[PDB]
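What follows is a set of notes on a single structure, which appears directly below.
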Amino acid sequence: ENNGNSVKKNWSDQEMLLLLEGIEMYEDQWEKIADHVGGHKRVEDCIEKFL
Amino acid sequence: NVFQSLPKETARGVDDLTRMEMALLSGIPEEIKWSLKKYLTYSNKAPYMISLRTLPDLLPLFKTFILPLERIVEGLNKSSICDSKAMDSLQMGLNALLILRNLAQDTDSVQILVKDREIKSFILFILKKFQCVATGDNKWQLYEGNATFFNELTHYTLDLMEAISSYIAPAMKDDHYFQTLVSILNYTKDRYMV
Amino acid sequence: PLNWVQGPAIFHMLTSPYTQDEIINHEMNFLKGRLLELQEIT
Amino acid sequence: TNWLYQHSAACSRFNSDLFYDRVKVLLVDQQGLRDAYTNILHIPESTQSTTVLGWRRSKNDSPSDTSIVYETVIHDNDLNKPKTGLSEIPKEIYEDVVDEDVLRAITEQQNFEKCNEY
Amino acid sequence: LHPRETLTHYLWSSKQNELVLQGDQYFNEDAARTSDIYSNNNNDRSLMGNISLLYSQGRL
Amino acid sequence: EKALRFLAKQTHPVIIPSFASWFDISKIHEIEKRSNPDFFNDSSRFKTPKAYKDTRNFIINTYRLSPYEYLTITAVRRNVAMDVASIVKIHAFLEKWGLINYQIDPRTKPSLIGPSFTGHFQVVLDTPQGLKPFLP
Amino acid sequence: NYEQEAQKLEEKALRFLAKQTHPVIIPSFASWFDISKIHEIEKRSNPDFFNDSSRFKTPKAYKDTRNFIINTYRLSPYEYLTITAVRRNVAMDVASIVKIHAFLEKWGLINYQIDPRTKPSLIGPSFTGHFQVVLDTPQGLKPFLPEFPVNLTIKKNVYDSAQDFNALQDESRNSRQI
Amino acid sequence: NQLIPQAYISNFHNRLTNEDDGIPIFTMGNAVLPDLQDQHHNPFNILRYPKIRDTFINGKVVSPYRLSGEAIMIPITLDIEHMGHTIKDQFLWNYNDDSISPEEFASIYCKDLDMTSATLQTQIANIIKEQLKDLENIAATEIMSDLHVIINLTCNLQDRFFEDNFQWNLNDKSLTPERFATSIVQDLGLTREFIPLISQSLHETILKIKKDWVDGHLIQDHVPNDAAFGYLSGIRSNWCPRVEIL
């Protein structure tokens, strides 16, 4: 999808899949992970969700 | 356009030295802990930055922590340190005493400490209580549970007395420093202290 | 009279032990890697 | 006769005239002003809640949450007794007072005024 | 001699030393390989709050 | 002799609080004698107590004619030929005991023009390692 | 009648609230200061107001000009407040108002040169809690009531994290979803 | 990112020379400022107000300037023409205090005007030294014996002349004239700039009257004119304040 999802800390399966795609892509560079999730999530929350 | 010509040197807030000097001057205790830790680090690693010759309004800022430690030494013969508010004052006093010990190996930060007629009263007080320990007199018998509070209290005072004694070079007849240290030398078993 | 000056390099090591014998090698490496970087400025 | 009533009625008309002057210009016409020296909208102090009382803590409903709820509130005690300050009077003055329940009413109003905190 | 301000000292210092001994229980093998540190432990608050700081220092 | 008519004709009725039950509209007594004693212990030729009587009667009756507006200091200064340094004393005295500005429309009281109040504003701290919020 | 007067007071109190658009940064050591009461650091740095030496220097006039300077600073934080702008509005002698301005600038309560874009953010105290400041009723917006301790939350506001508390974002990002 | 720095704008001299703002320092919805209106947490919204993009466009960057038993208040006037534009204002001075020199006040006051010409400072300080040294033992008096003089008083502020009449007792020291001018401007609803300007126009008159009690020692405590309601029983007040626009 392309639409803005619901209120944060829901983490639909699309966002989990794109996060894991980003981690397989870049191996670092959490700005380039957080935009690939969709850019409506911060670095400091993508790291708090991958841990 | 006006937000492009900012001076780069002041756009981090205040500098750290004025931060340390203002933090002690306030009354916030955790910020006092931070300021004393950073003063201790700068006193160990680069003492010339905190040379008393350069910054004259800094020695009363340490006297206001060291001078209320005399009441704690007076009350230290019993289990006085009960809550977690007097102990914090004890640790701040010992840490400021270490800072003035570390600044006293400079020969230009030393004459300001000697010309003060009140640090020597504290040195004489600590030495008189350690003479009361070393002789074994019944007045002010040391409570053992405070002993690690007192032991490193008396290693930081002798290192002041080892540094300022050259400026007490006229020795009198009935001196208290000489009498006290010649009483101490018979008692101790430390190689460093002897 | 003010002079906005860069401060000295203080060796704040990542892990902080307490015994001296676990420190001296790192501090020797810091003294070498500071005085060699500073010697070329003269 | 007809002196003192005329003077007091002129005083009351002058009072109400000053009120109708001061209420239109500040609050009704443009709702404030503008200081020329600093770009700050001046306003009458009566609509501004001069002091600030204590803080209040709570917890959110759902545990393991990270959200911050910062907000404000107003507060008063009974909102009908006025603040004619008797606390700015030393306690040695009103002890030759006529009655005892008058003394009780003065102490009641003063203990009401010293409950500015909650 | 004076029993009040030594029993208050005991009740303070025993509590403080219990907290100091219980300052190390979440650094085991199978207490860190599992997930009951990071998720849902806002009750603890100690770690997973440093991540706003540690990324800003470049350590990761 | 002159104020009987004036209290009779055009005065709105009396509202008085319970801690003002000691008040005497006829004469003065020890509370007003010990609060501001300058009208009694020969401060000047001007400050004789009969003028004090006349001014306190004029102020309280001027509030009787309009109980729902704040009686200001200037509006009584228009027709009271007395020191302003004593008009302020008597006016703050009578307002202080809750007599003549007690129950009024609260949007009538004059307030000094000034900036807004910033107490509910959010402050953030300049910690030496970050910008943590200021939440006590 | 009480519900309608309470709603009326809430409406005409939100009418006069001075809503915040700019964040205000104070240095961490100057967290002792509160708008309401006078702290002991101010009583030993400016003793001329509390000694009762002269008649023109009371603690009330000190507190009035102090709140004047700080309130005319925090409504326009980005602008450097000057002495001449204050001297034309407040009636004191020049030496004392220069002392008070230099005092308030010394602690960084006013005129604090910082660029917050080059510093990180933290989470110092706990996450959650209904932090509600308790103000007073502004006497002048009280009901007329010709003859009731009602407290009223004016402005609710939620914040997801401290990073949006520091920059005054109130989950309006659902509008601008990037 | 996206945060405004906390300082570095001092757009004050352009409002001194704006010619719309009625500042008498130099010569040569429907609200105006959003201090009651939220902007939904975009700072860009504050650029819709016409006096606020004036302070971002025409602003500059400033550097911060860095620094007894009874007070005696002396009013000081200042009237200097300098390169077409003039400087006309007034301020009190504490004679018993000496914590700031008039050279330092001249260096501060010239810095807000953005002149820094290094010779305005000397001229301002010499005028302040002159008006202080001329009045050293005329404001240190200890007046007794119940003068009770009448006072007419005027104030000039940009064709909005204030004028009033009252009876004054300059023997008691209970009523501060700054509190008096505060009580006036609270009632008439004027701007806050009339708070100093009346009291600074009163102390002078106090030392004008004090002057005649000391220099010529003319007592003339003879019938301060009243209206037979208060002090002198004629038959059993004077005027009221006003603001006239000429």
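Just remember, in the structure tokens the first chain shown is A, the second B, etc., residues are 1-based per chain, and ligands are 1-based in the order shown.
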
Return the neighbours of chain F among the residues of chain H, cut-off 7 Å, counting only C-alpha atoms, as a PDB file with N, CA and C atoms, in the first residue's frame.
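Final file, out-v4.pdb:
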```
ATOM      1  N   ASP H 146       5.211  70.197  57.410  1.00  0.00           N
ATOM      2  CA  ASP H 146       3.871  70.042  56.824  1.00  0.00           C
ATOM      3  C   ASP H 146       3.571  71.097  55.753  1.00  0.00           C
ATOM      4  N   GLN H 167      -3.444  68.031  45.554  1.00  0.00           N
ATOM      5  CA  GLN H 167      -2.782  68.498  46.765  1.00  0.00           C
ATOM      6  C   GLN H 167      -1.808  67.424  47.230  1.00  0.00           C
ATOM      7  N   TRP H 168      -0.598  67.833  47.604  1.00  0.00           N
ATOM      8  CA  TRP H 168       0.470  66.911  47.958  1.00  0.00           C
ATOM      9  C   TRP H 168       1.042  67.275  49.320  1.00  0.00           C
ATOM     10  N   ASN H 169       1.237  66.261  50.159  1.00  0.00           N
ATOM     11  CA  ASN H 169       1.959  66.399  51.418  1.00  0.00           C
ATOM     12  C   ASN H 169       3.369  65.859  51.214  1.00  0.00           C
ATOM     13  N   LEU H 175       3.665  57.385  50.501  1.00  0.00           N
ATOM     14  CA  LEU H 175       3.191  57.190  49.135  1.00  0.00           C
ATOM     15  C   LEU H 175       4.341  57.401  48.159  1.00  0.00           C
ATOM     16  N   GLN H 186      -3.440  52.736  35.811  1.00  0.00           N
ATOM     17  CA  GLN H 186      -4.395  51.637  35.946  1.00  0.00           C
ATOM     18  C   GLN H 186      -5.821  52.109  35.706  1.00  0.00           C
ATOM     19  N   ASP H 187      -6.141  53.324  36.139  1.00  0.00           N
ATOM     20  CA  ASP H 187      -7.513  53.799  36.073  1.00  0.00           C
ATOM     21  C   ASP H 187      -7.860  54.370  34.704  1.00  0.00           C
ATOM     22  N   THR H 191      -1.316  53.342  28.041  1.00  0.00           N
ATOM     23  CA  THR H 191      -0.268  52.356  27.847  1.00  0.00           C
ATOM     24  C   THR H 191       0.735  52.424  28.993  1.00  0.00           C
ATOM     25  N   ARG H 192       1.597  51.409  29.063  1.00  0.00           N
ATOM     26  CA  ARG H 192       2.528  51.280  30.177  1.00  0.00           C
ATOM     27  C   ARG H 192       3.657  52.305  30.112  1.00  0.00           C
ATOM     28  N   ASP H 226      -8.533  74.855  48.097  1.00  0.00           N
ATOM     29  CA  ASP H 226      -9.349  73.650  48.119  1.00  0.00           C
ATOM     30  C   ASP H 226     -10.798  74.003  47.810  1.00  0.00           C
ATOM     31  N   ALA H 227     -11.715  73.060  48.012  1.00  0.00           N
ATOM     32  CA  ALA H 227     -13.117  73.272  47.674  1.00  0.00           C
ATOM     33  C   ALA H 227     -14.044  72.952  48.841  1.00  0.00           C
ATOM     34  N   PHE H 229     -14.363  70.904  51.324  1.00  0.00           N
ATOM     35  CA  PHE H 229     -14.822  69.571  51.692  1.00  0.00           C
ATOM     36  C   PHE H 229     -13.859  68.870  52.635  1.00  0.00           C
ATOM     37  N   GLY H 230     -12.570  69.169  52.537  1.00  0.00           N
ATOM     38  CA  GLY H 230     -11.566  68.469  53.309  1.00  0.00           C
ATOM     39  C   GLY H 230     -10.924  69.275  54.416  1.00  0.00           C
ATOM     40  N   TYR H 231      -9.762  69.851  54.113  1.00  0.00           N
ATOM     41  CA  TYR H 231      -8.880  70.376  55.149  1.00  0.00           C
ATOM     42  C   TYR H 231      -9.385  71.689  55.733  1.00  0.00           C
ATOM     43  N   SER H 237     -13.397  69.026  45.349  1.00  0.00           N
ATOM     44  CA  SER H 237     -11.953  69.195  45.399  1.00  0.00           C
ATOM     45  C   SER H 237     -11.480  70.087  44.267  1.00  0.00           C
ATOM     46  N   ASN H 238     -10.219  69.921  43.868  1.00  0.00           N
ATOM     47  CA  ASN H 238      -9.637  70.852  42.905  1.00  0.00           C
ATOM     48  C   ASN H 238     -10.011  70.476  41.472  1.00  0.00           C
ATOM     49  N   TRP H 239      -9.523  69.336  40.988  1.00  0.00           N
ATOM     50  CA  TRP H 239      -9.717  68.930  39.595  1.00  0.00           C
ATOM     51  C   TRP H 239      -9.554  67.419  39.479  1.00  0.00           C
ATOM     52  N   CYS H 240      -9.395  66.953  38.243  1.00  0.00           N
ATOM     53  CA  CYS H 240      -9.295  65.550  37.878  1.00  0.00           C
ATOM     54  C   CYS H 240      -8.382  65.430  36.665  1.00  0.00           C
TER      55      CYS H 240
END
```

task: Would you give me, as a list in words, the residues of chain A that come within 12 Å of chain D, using only C-alpha atoms?
output: residues 8, 9 and 45 of chain A

field: Picked from range 18-173 of chain G by DSSP as helix (DSSP H, G or I), as a PyMOL selection string
entry: chain G and resi 28-30+40-45+47-49+59-74+83-87+94-106+116-118+162-165+172-173

Distance filter 12 Å, only C-alpha atoms, chain E against chain A, as a ChimeraX atom specification: /E:32-40,47-56,58-60

Put those residues in a file: N, CA, C and O atoms, as an mmCIF file, in the first residue's frame.
```cif
data_model
loop_
_atom_site.group_PDB
_atom_site.id
_atom_site.type_symbol
_atom_site.label_atom_id
_atom_site.label_comp_id
_atom_site.auth_asym_id
_atom_site.auth_seq_id
_atom_site.Cartn_x
_atom_site.Cartn_y
_atom_site.Cartn_z
ATOM 1 N N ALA E 32 19.431 -12.361 28.470
ATOM 2 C CA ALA E 32 19.655 -11.398 27.407
ATOM 3 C C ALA E 32 19.429 -11.968 26.018
ATOM 4 O O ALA E 32 19.103 -11.207 25.107
ATOM 5 N N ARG E 33 19.594 -13.280 25.829
ATOM 6 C CA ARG E 33 19.212 -13.908 24.569
ATOM 7 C C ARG E 33 17.705 -13.946 24.380
ATOM 8 O O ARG E 33 17.239 -14.043 23.242
ATOM 9 N N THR E 34 16.935 -13.878 25.459
ATOM 10 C CA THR E 34 15.487 -13.809 25.373
ATOM 11 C C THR E 34 15.067 -12.363 25.112
ATOM 12 O O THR E 34 15.897 -11.489 24.851
ATOM 13 N N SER E 35 13.767 -12.089 25.188
ATOM 14 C CA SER E 35 13.250 -10.772 24.861
ATOM 15 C C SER E 35 12.754 -9.971 26.053
ATOM 16 O O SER E 35 12.308 -8.835 25.859
ATOM 17 N N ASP E 36 12.824 -10.502 27.272
ATOM 18 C CA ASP E 36 12.280 -9.789 28.431
ATOM 19 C C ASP E 36 13.287 -8.822 29.050
ATOM 20 O O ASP E 36 13.505 -8.801 30.259
ATOM 21 N N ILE E 37 13.905 -8.005 28.204
ATOM 22 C CA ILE E 37 14.588 -6.793 28.623
ATOM 23 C C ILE E 37 14.103 -5.591 27.827
ATOM 24 O O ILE E 37 13.762 -4.551 28.394
ATOM 25 N N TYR E 38 14.021 -5.745 26.511
ATOM 26 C CA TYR E 38 13.792 -4.652 25.578
ATOM 27 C C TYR E 38 12.302 -4.351 25.487
ATOM 28 O O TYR E 38 11.869 -3.215 25.701
ATOM 29 N N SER E 39 11.512 -5.371 25.173
ATOM 30 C CA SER E 39 10.070 -5.221 25.089
ATOM 31 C C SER E 39 9.455 -5.134 26.478
ATOM 32 O O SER E 39 9.882 -5.827 27.406
ATOM 33 N N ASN E 40 8.496 -4.212 26.625
ATOM 34 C CA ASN E 40 7.536 -4.118 27.728
ATOM 35 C C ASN E 40 8.142 -3.739 29.078
ATOM 36 O O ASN E 40 7.408 -3.589 30.060
ATOM 37 N N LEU E 47 17.956 0.728 30.296
ATOM 38 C CA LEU E 47 18.350 0.634 28.900
ATOM 39 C C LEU E 47 17.111 0.729 28.023
ATOM 40 O O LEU E 47 15.987 0.852 28.515
ATOM 41 N N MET E 48 17.351 0.723 26.705
ATOM 42 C CA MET E 48 16.401 1.081 25.642
ATOM 43 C C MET E 48 15.906 2.523 25.765
ATOM 44 O O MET E 48 14.877 2.879 25.185
ATOM 45 N N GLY E 49 16.625 3.356 26.511
ATOM 46 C CA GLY E 49 16.390 4.781 26.581
ATOM 47 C C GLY E 49 17.676 5.490 26.223
ATOM 48 O O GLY E 49 17.693 6.694 25.951
ATOM 49 N N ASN E 50 18.766 4.728 26.222
ATOM 50 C CA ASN E 50 20.068 5.190 25.766
ATOM 51 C C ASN E 50 20.193 5.175 24.254
ATOM 52 O O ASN E 50 21.197 5.661 23.725
ATOM 53 N N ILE E 51 19.202 4.631 23.547
ATOM 54 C CA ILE E 51 19.312 4.474 22.105
ATOM 55 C C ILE E 51 19.138 5.805 21.382
ATOM 56 O O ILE E 51 19.603 5.955 20.246
ATOM 57 N N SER E 52 18.515 6.797 22.029
ATOM 58 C CA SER E 52 18.487 8.146 21.475
ATOM 59 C C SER E 52 19.848 8.819 21.591
ATOM 60 O O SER E 52 20.146 9.753 20.839
ATOM 61 N N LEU E 53 20.679 8.359 22.524
ATOM 62 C CA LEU E 53 22.011 8.897 22.756
ATOM 63 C C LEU E 53 23.076 8.131 21.976
ATOM 64 O O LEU E 53 23.941 8.742 21.343
ATOM 65 N N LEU E 54 23.025 6.793 22.021
ATOM 66 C CA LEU E 54 24.117 5.982 21.488
ATOM 67 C C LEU E 54 24.180 6.019 19.968
ATOM 68 O O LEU E 54 25.266 5.876 19.397
ATOM 69 N N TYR E 55 23.041 6.194 19.294
ATOM 70 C CA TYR E 55 23.089 6.366 17.847
ATOM 71 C C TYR E 55 23.652 7.729 17.481
ATOM 72 O O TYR E 55 24.324 7.877 16.454
ATOM 73 N N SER E 56 23.416 8.732 18.324
ATOM 74 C CA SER E 56 23.895 10.084 18.070
ATOM 75 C C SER E 56 25.386 10.254 18.332
ATOM 76 O O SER E 56 25.905 11.358 18.139
ATOM 77 N N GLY E 58 27.404 7.623 17.234
ATOM 78 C CA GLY E 58 27.929 6.824 16.139
ATOM 79 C C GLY E 58 28.359 5.408 16.493
ATOM 80 O O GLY E 58 28.799 4.657 15.622
ATOM 81 N N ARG E 59 28.242 5.042 17.764
ATOM 82 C CA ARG E 59 28.604 3.699 18.219
ATOM 83 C C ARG E 59 27.700 2.629 17.606
ATOM 84 O O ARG E 59 28.148 1.548 17.228
ATOM 85 N N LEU E 60 26.418 2.962 17.530
ATOM 86 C CA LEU E 60 25.357 2.106 16.983
ATOM 87 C C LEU E 60 24.580 1.373 18.080
ATOM 88 O O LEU E 60 23.392 1.625 18.286
#
```

task: Write out as a list in words the residues lying within 9 Å of range 7-11 of chain E, counting only C-alpha atoms and excluding same-chain residues fewer than 3 positions away.
output: residues 79, 80, 81, 82 and 83 of chain B; 3, 4, 14, 15 and 16 of chain E

task: Excluding residue 21 in chain A and any residue of its chain fewer than 4 positions from it, enumerate the residues within 10 Å of it, using only C-alpha atoms, and give them as a PyMOL selection string.
output: chain A and resi 15-17+25-26+33+36-37

- request: Using only C-alpha atoms, select each residue of chain H with any atom at most 7 Å away from an atom of chain B, and give the selection as a VMD selection string.
  value: chain H and resid 59 to 61

Write the residues of the selection above to a file with N, CA, C and O atoms, as a PDB file, in the first residue's frame.
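Below is the file again-v4.pdb, written as the result:
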```pdb
ATOM      1  N   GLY H  59      15.922  42.255  10.250  1.00  0.00           N
ATOM      2  CA  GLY H  59      16.694  42.009  11.449  1.00  0.00           C
ATOM      3  C   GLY H  59      18.188  41.954  11.186  1.00  0.00           C
ATOM      4  O   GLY H  59      18.663  42.002  10.053  1.00  0.00           O
ATOM      5  N   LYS H  60      18.943  41.869  12.279  1.00  0.00           N
ATOM      6  CA  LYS H  60      20.389  41.698  12.233  1.00  0.00           C
ATOM      7  C   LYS H  60      20.787  40.702  13.313  1.00  0.00           C
ATOM      8  O   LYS H  60      19.935  40.123  13.991  1.00  0.00           O
ATOM      9  N   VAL H  61      22.092  40.500  13.480  1.00  0.00           N
ATOM     10  CA  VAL H  61      22.635  39.589  14.482  1.00  0.00           C
ATOM     11  C   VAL H  61      23.461  40.400  15.471  1.00  0.00           C
ATOM     12  O   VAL H  61      24.360  41.147  15.071  1.00  0.00           O
TER      13      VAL H  61
END
```

- prompt: Leaving out residue 21 in chain D and any residue of its chain fewer than 4 positions from it, which residues lie within 8 Å of it when counting only C-alpha atoms, given as JSON, numbers by chain?
  reply: {"D": [17, 25], "H": [188, 189]}

Would you export the selected residues with C-alpha atoms as a PDB file, in the first residue's frame, please?
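And here's result-v2.pdb as it stands now:
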```
ATOM      1  CA  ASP D  17     -17.297  56.986  32.481  1.00  0.00           C
ATOM      2  CA  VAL D  25     -10.189  50.528  23.847  1.00  0.00           C
TER       3      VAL D  25
ATOM      4  CA  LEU H 188      -7.296  55.782  32.830  1.00  0.00           C
ATOM      5  CA  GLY H 189      -6.334  52.739  30.754  1.00  0.00           C
TER       6      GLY H 189
END
```

task: Pull out every residue of chain A sitting within 8 Å of chain G, counting only C-alpha atoms, and send them as a ChimeraX atom specification.
output: /A:4,39-40

task: Residues of chain G near chain E: apply a cut-off of 9 Å, count only C-alpha atoms, and supply the list as a ChimeraX atom specification.
output: /G:120-124,126-127

Hey, which bits of chain C sit within 12 Å of chain B, and for each residue what's the closest pair of atoms and how far apart in Å (one decimal), counting only C-alpha atoms, rows by chain and increasing number, as a tab-separated table?
```
residue	atom	partner	partner_atom	distance
C:3	CA	B:9	CA	10.9
C:4	CA	B:9	CA	7.5
C:5	CA	B:9	CA	9.5
C:6	CA	B:9	CA	10.1
C:7	CA	B:49	CA	9.1
C:8	CA	B:46	CA	7.5
C:9	CA	B:45	CA	8.9
C:10	CA	B:45	CA	6.4
C:11	CA	B:45	CA	8.0
C:12	CA	B:41	CA	9.1
C:27	CA	B:45	CA	11.3
C:31	CA	B:45	CA	11.5
```

If we count only C-alpha atoms, what is near range 13-28 of chain F at a cut-off of 6 Å, once residues fewer than 2 positions away on the same chain are taken out, given as a PDB file with C-alpha atoms, in the first residue's frame?
```pdb
ATOM      1  CA  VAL D 102     -16.288  38.538  64.667  1.00  0.00           C
ATOM      2  CA  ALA D 105     -15.045  35.262  61.050  1.00  0.00           C
ATOM      3  CA  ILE D 106     -11.734  37.103  60.629  1.00  0.00           C
TER       4      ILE D 106
END
```

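Checking F:132, F:53, F:29, F:64 one by one against chain E, counting only C-alpha atoms, you find the shortest gap at F:132.
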
task: Find the residues of chain D in contact range of chain E, meaning any atom within 9 Å when counting only C-alpha atoms, and list them as a list in words.
output: residues 63, 64, 65 and 66 of chain D
